[PDB]
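Written out below as structure tokens is the structure these notes cover.
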Amino acid sequence: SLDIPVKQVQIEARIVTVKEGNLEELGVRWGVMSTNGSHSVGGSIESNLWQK
Amino acid sequence: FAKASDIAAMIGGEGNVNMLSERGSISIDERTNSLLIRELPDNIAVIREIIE
């Protein structure tokens with residue numbers, strides 16, 4: 001009664017992955033340098049000491 | 001709907017004090033998910049009703 005043919009099974013796994021990304025950057029760089037005669041304007045102290 | 005090894009470990013098991021048996025015995029047949037029991041034809045009916 002025990003020894004009989006058995007069944008068979010088919011198993012299928014499925015792994016799925018999805019990715020998205022976005023990036024944005026804005027930047028600014030500016031400078032000035034002016035002199036008037038005994039009067040100056042700059043962006044640092046070494047700047048004013050150089051334009052002399 | 002259940003594994004036969006777990007059921008054989010619950011009905012029989014370690015030592016005879018825990019076992020729900022007197023001078024028989026369970027065995028497992030893993031190929032076909034079955035139990036093979038040898039006991040008094042009166043204990044077979046209660047065991048069968050419980051594990052059903």
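Values in this text are rule-based calculations from the coordinates and carry no lab data. Please note: Cβ atoms are built from the backbone with ideal geometry, for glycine as well, and neighbour counts cover all protein chains shown.
If the condition is being surrounded by 10 or more Cβ atoms within 10 Å (Cβ to Cβ) and out of contact with any helix residue (DSSP H, G or I) (no Cβ under 7 Å at 6 or more places or on another chain), then region A:6-52 contributes A:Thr35, A:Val41, A:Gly43, A:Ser47, A:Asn48, A:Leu49, A:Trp50, A:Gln51. Within region B:1-20, the set of residues being within 13 Å of B:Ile51 (Cβ to Cβ) and assigned to a loop (DSSP other than H, G, I, E, B) comprises B:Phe1, B:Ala2, B:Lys3, B:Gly12, B:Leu20.
The set of residues in region B:35-52 being over 10 Å from the mean Cα position of the chain (by Cα) and either under 24 Å from B:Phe1 (Cβ atoms) or of a type in the set (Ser, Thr, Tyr) (or both) consists of B:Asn43, B:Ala45, B:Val46, B:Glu49, B:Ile50, B:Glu52.
Among the residues making up region B:26-47, those that are over 24 Å from A:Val6 (Cα atoms) and surrounded by fewer than 12 Cβ atoms within 10 Å (Cβ to Cβ) are B:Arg38, B:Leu40, B:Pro41, B:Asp42, B:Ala45, B:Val46.
Screening B:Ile51 on (1) within 14 Å of another protein chain (Cβ to nearest Cβ); (2) touching a residue at least 24 places away in the same chain (Cβ under 8 Å) shows it passes everything except condition (1).
Entry remark, region B:5-34: residues being within 14 Å of chain A (Cβ to nearest Cβ) and over 9 Å from the mean Cα position of the chain (by Cα) number 6 in total.
Only residues that are of a type in the set (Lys, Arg) and more than 14 Å from chain B (Cβ to nearest Cβ): list them for region A:1-31, please. The answer is A:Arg14, A:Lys19, A:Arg29.
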